[PDB]
> 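Here's a structure for you.
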Amino acid sequence: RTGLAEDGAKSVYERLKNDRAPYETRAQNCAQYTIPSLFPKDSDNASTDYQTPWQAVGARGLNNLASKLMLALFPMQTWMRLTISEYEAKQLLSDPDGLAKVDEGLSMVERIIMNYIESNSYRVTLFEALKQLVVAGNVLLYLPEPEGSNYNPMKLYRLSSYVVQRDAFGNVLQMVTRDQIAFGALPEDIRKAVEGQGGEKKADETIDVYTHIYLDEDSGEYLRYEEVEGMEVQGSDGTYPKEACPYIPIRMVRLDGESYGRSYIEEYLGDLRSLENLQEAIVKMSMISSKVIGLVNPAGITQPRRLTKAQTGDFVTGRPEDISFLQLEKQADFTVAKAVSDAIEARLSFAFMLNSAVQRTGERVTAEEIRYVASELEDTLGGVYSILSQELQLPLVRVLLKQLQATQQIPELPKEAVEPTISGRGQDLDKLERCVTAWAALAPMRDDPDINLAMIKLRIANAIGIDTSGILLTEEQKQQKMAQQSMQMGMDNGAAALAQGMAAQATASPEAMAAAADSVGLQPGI
Amino acid sequence: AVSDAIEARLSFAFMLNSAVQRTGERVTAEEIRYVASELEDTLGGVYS
Amino acid sequence: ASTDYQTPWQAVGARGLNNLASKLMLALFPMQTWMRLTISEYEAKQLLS
Amino acid sequence: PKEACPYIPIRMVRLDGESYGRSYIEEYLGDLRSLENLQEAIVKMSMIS
Amino acid sequence: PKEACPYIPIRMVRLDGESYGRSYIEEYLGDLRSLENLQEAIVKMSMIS
């Protein structure tokens with residue numbers, strides 16, 4: 001292999017491993033103050049015990065932020081829509097009816113995409129990825145090629161399992177993932193290379209498998225291969241388009257000239273560290289005050305020998321003044337520490353969008369003030385997931401669209417369909433529903449002889465901004481509706497008139513009365 | 001005070017409804033609804 | 001990539017910047033159409049009947 | 001089959017490279033121990049009183 | 001064209017005779033510095049306490 005892949009997948013992984021080390025260090029520091037097990041250190045193993053952080057806002061705001069991001073980015077309602085360019089489409093077909101049929105097909109496609117997302121537990125993996133992005137700012141999502149309708153969950157790579165190199169322009173030049181798969185669990189093609197390499201390995205032996213995705217010099221495309229023991233696996237070679245690469249590296253906070261992203265917790269790690277210091281001291285002061293020490297005055301006359309051997313209700317020589325208890329006298333410092341603890345925890349709660357900010361530490365709270373400031377949390381919600389639509393949502397749809405077309409799970413796209421991820425169809429619903437409410441107001445003036453109601457309906461629809469093609473009935477369709485309406489009375493009046501006359505002839509005479517019987521199969525004599 | 005403070009944050013982590021009940025003082029029904037929504041949202045995190 | 005950004009001692013600046021940028025975004029680029037194409041009414045009427 | 005094994009091992013909190021999962025309680029066991037210490041001392045004080 | 005250049009340099013606060021704009025934050029940076037000083041001292045007093 002030439003270009004970026006000359007050295008090999010494993011060696012590229014080690015050279016870029018040192019570059020990602022500062023991000024791993026920050027992720028471990030960020031995890032330490034929120035949820036230590038979220039980003040464990042490399043040396044951590046089954047015997048590692050993760051201490052509970054001295055303060056709670058870090059873990060609490062971490063869980064809150066990931067769920068709120070998940071709700072906004074991946075709600076139950078469709079969060080992507082397939083959009084066809086309105087002018088280019090109308091240039092290819094001749095009637096608005098087909099254009100609605102085009103939107104029906106696009107609506108079906110995104111229904112299939114969501115059904116595929118739910119049936120493959122993408123929401124489970126996305127929430128794990130979102131938690132990683134808040135503490136580490138980095139996660140790699142791999143979407144395996146779907147084999148039929150089988151369960152195909154996407155693989156999540158933590159920052160410690162992959163490296164990505166990115167130029168200052170922001171292009172992913174190359175990226176290597178490390179998979180530690182047992183010999184038994186290896187796929188056949190990877191296993192054949194391991195046996196082909198030499199040696200007899202136990203089924204439980206761990207194999208380092210490296211997948212190297214690098215930008216090709218020719219065509220500006222991504223070349224992909226899997227390497228084991230420094231040897232490329234036969235059949236692991238492949239090609240992915242630049243915009244449809246299944247390995248998606250997501251950055252929570254992106255800085256120019258940096259290959260990896262920054263985490264959200266890192267922006268507030270200073271507050272968490274200082275709140276950790278205050279919270280630890282406050283709890284440790286309570287541990288001191290928890291100890292009971294009876295201070296006996298040696299200038300006094302009370303003997304603990306008599307006190308401890310006494311029963312309840314016993315009369316004993318002594319004075320209450322000679323017996324005292326060691327107490328922690330730090331209330332002035334305790335109030336200062338608690339005040340700054342509350343002050344930092346309050347602003348950390350707002351930064352983590354915790355509803356303690358609306359709840360406040362104390363005093364009375366009114367409902368209406370909460371709603372307006374709740375909007376502020378929903379507004380600052382917009383800023384935190386803003387690049388996640390471009391970093392995560394949009395490539396996720398692009399890879400899925402190409403993969404589902406390859407497996408024919410969706411029909412082949414017209415090649416002119418664009419997909420925006422909008423928290424779309426709901427916007428068109430609001431426009432349509434406003435038109436009906438505006439139009440329903442025109443019903444009082446239905447019989448008005450002065451105002452051109454058709455003209456007003458067009459202006460109302462146009463001012464809303466909806467596409468007006470086909471909403472107004474054409475002259476031919478108006479003629480058909482009148483004809484269909486006229487036929488309805490024509491058929492209905494005819495059916496009543498015909499049956500009445502037919503009944504009259506059937507009952508005209510007893511002789512014809514028998515004729516009706518023999519016709520239907522009845523018999524006069526019974 | 002520290003026992004009430006630790007029990008308060010443990011109550012929120014365990015989805016306990018005493019968290020919205022608070023240590024003391026008066027509460028408002030509409031405010032209780034919003035903070036109870038936060039508990040149900042963080043609830044979704046643990047069974048994901 | 002090795003630079004550590006210390007959290008500012010006050011939080012209003014980070015809170016203020018995020019709120020301002022978000023509030024500007026809703027005002028300038030909302031979900032509703034924020035630009036309109038307008039044709040000069042007299043000039044258009046001088047061209048169509 | 002790999003996908004339809006009747007024996008289902010469930011992990012509450014799964015960590016990379018671990019055969020078993022972590023519990024949810026152990027993330028807050030530190031606060032539980034500290035509250036345990038306070039609650040024991042508070043009750044034992046009442047027993048002296 | 002002079003009116004349709006794809007490179008758009010945007011200035012938040014425009015001053016006459018200046019090639020670049022001023023930030024909106026710098027209008028209030030003095031109050032941010034003063035509050036930074038107070039917030040640093042308040043936290044550090046708590047650390048002493």
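Below, read A as the first sequence line, B as the second, and so on, with proteins coming before strands; counting in each chain starts at 1.
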> Decide if atom CD of C:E43 counts as having more than 12 heavy atoms of other residues, nucleotides or ligands within a radius under 6.0 Å.
no
> Are there more than 12 heavy atoms of other residues, nucleotides or ligands under 6.0 Å from atom CG of C:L37?
no
> Take atom CD of E:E27 as the centre, draw a 6.0 Å sphere, and report whether it contains more than 12 heavy atoms from other residues, nucleotides or ligands.
yes
> If I measure from the heavy atoms of chain C, does E:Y24 come under 4.5 Å with its side chain, its backbone, both, or neither?
side chain
> State the CD-CD1 distance between C:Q10 and E:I42, to the nearest 0.5 angstrom.
11.5 Å
> Would you say that more than 12 heavy atoms from the other residues, nucleotides or ligands in this model lie under 6.0 Å from the OH of C:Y5, or not?
yes
> Working to the nearest 0.5 Å, report the span between CD of E:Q39 and CH2 of C:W9.
10.0 Å
> Are the side chains of E:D31 and C:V12 in contact, using a 4.5 Å heavy-atom criterion?
no
